[PDB]
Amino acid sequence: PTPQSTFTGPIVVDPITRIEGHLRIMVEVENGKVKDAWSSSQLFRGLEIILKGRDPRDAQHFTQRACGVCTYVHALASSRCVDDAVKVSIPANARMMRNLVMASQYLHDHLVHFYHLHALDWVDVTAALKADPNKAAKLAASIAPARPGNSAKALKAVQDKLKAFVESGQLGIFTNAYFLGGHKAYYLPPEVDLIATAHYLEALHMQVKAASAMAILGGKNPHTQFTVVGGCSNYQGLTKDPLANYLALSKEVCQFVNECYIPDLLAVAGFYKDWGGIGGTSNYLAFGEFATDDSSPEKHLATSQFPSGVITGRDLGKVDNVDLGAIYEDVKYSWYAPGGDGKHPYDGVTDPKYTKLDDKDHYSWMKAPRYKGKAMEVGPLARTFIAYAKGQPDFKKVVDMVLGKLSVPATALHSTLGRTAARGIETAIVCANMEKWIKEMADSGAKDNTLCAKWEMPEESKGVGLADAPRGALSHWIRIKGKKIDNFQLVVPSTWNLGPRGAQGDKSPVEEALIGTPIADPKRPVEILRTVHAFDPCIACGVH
């Protein structure tokens, strides 16, 4: 019985914490259910304006600072972008290295999302103090793989640390938590809370390793520095000792994925099965990632091992090809000047114009990207449905398993619970592919170390860079004129998922997903957080 109050009226949550960037969410609620929703991004920076007239080689360095959480992916999309504009085909080794860095990014980003941003919506940290750590060890010994981190002794030591922390009276990041004093919408047993909390702390250490792995190829993290026009700069990344360290670190990260992330995810999902009926949307888009052929955008779309595709109306029998000319951005409900609706990104316009807070006619710094007039959800759930629908063997196996462990139908995936599970699903798949991808580059690198191709700056040209970033379909679009940036437009996964209504008044993915959200407690509306967080929002990515 999903808890739900009788509350009628507005709720505003601002800031939305545990996301990247600055989001205000407004809902109308009736009899304890969300009946309308607005996604209101509260910061503008204007990178696209900043880039006008600059060196196209410089773009990757500006755009990477769209975001520090999905670090890399913007530098990668810019490089693909400019590579496309100059018409250079990057060397095999460069494709491999760029793709492996993206893989390391998925691992790091997803692990931190589940534990450090998402989990506090489902896990009551204080209730962990009520567990018997012996009973919790027994519980962990009976669900998850055997590990010393899961022993009574380790769980007790976590409990003791947390205890002295709460008894200190300085709750720090837990101050005013929605779970303090219990909450109807939090269902977990104290033992589950304790296990998940132990893993939250472990994850804080494990993500350092994930970032180290990533840095071996990326040069540093956050904000990598190894991509150049025509390929990559990191010859050392092709060598044996660094690659063996990269593998070793990657396997430790993946052991923690398989040992802690997935089992915690599945326990959470098991207790909150009702969330498989909340927060669903209908259309899914992906440009794909991990391609065997990145010589062009077309080749990227065709040979992405996490396939590209478009699903409309939850129809898993008709995956359409991505039509890049069909993408456009509206601004009708955004803080931009009149007359900018319907713009393909090659013709994109970024002419900011603020009005006032909670102006229903203009309420976000995000543009509204649309695909033939339809809003599109992007990200792990989109990737998962598209891959599953095309019979991608890893996705089919893992998804069908998750479905089998949870005892729910594939249609239960069109939901916040689904969205959350998808994220972990593709994490286990990236993990299963790491050793193969690393061997491929180690072997290729040792035969020949070519890593960047020659290229020439054209007087005039356009190019597009595609990537499927941790949050979804990312595209960067350049017009070069006079060998300089004439226009540079970012269309980012969070723009797709979290932007405002389009020119037709049509709700974006998150706004639709929020409709019918139950609110057990209007003072502490965690359910709003559950669904918004499920999209893994990044407003800095979204608005740039």
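For clarity, a rigid core is taken as the largest C-alpha set superposing within 1.5 Å between two forms. Start at 1 and count along the sequence shown; that's the residue number.
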* Asked: Hey, after superposing on the core, which one moves around more in 5 other deposited structures of this protein, 139-147 or 454-462, CA-wise?
  -> 139-147
* **347-355 or 401-409, whichever carries the higher mean Cα B-factor** => 401-409
* **Comparing 207-215 with 246-254, the one whose average Cα B-factor in the PDB entry is higher** => 246-254
* Return the residue from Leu139, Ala286, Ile173, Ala94 that has the highest Cα B-factor in the entry. => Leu139
* Selection from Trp455, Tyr261, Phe306, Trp365 [criterion: highest C-alpha temperature factor in the record] -> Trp455
* Structure fact -> Chain thirds by Cα B factor, record data; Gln504 belongs to the highest
* **Third of the chain's Cα B-factor distribution that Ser104 belongs to, per the entry** => lowest
* Asked: If you rank the chain by CA B-factor, which third does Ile143 end up in: lowest, middle or highest?
  -> highest
* To do: State the tercile, meaning the lowest, middle or highest third, of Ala59 with respect to the CA B-factors recorded for its chain.
  => lowest
* Asked: For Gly68, does the deposited CA B-factor place it in the lowest, middle or highest third of the chain?
  -> lowest
